[PDB]
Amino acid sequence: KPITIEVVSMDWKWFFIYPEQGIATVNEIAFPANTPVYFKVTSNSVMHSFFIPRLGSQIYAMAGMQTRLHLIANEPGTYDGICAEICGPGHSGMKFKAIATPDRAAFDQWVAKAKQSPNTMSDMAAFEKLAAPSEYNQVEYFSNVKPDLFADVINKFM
């Protein structure tokens, strides 16, 4: 089973959503190796560029629209992610890490850990507070997420 990951590029950090499992994160994602991954991408501000050099994969993120990317990580390990288009002050620290696990069980562990988080992203005041301008954000998980947050974000521009 391929995993679907939603991505919202914010002013100088990446917000990730896992619609299926009901968890969200900041600057870090995990998923099984040799497994298909579908990234549904958008931006809540200016235009950014989602890039992962060691997988040779890239895609732009613009407000109001949804872009798509598909990929398979051939080997387990962490892969560095960067924002490849100048977008202001925190351009250089607008990075993320992707962890391709050795199996699904290991991926299901990362997820469980995410569910043990006290932070949630289940309302309007949570999302906009996160969206506010910050730089070099450290990893962060959210145990819950608003049911249709991706669409909600996009349609603010629609």
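Residue positions are given as counts along the sequence shown, with the first one as 1.
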**Request:** Look over 112 to 120 and 93 to 101 in the entry and identify the one with the greater average Cα temperature factor.
**Result:** 112 to 120
**Request:** Between 30 to 38 and 128 to 136, name whichever shows the higher mean Cα B factor according to the PDB entry.
**Result:** 128 to 136
**Item:** residue 8 - which third its CA temperature factor falls in, relative to the rest of the chain
**Value:** lowest
**Complete:** On the chain's distribution of Cα B-factors, residue 145 falls within the third called highest
**Within-chain third of residue 65 by Cα B-factor, per the entry** = highest
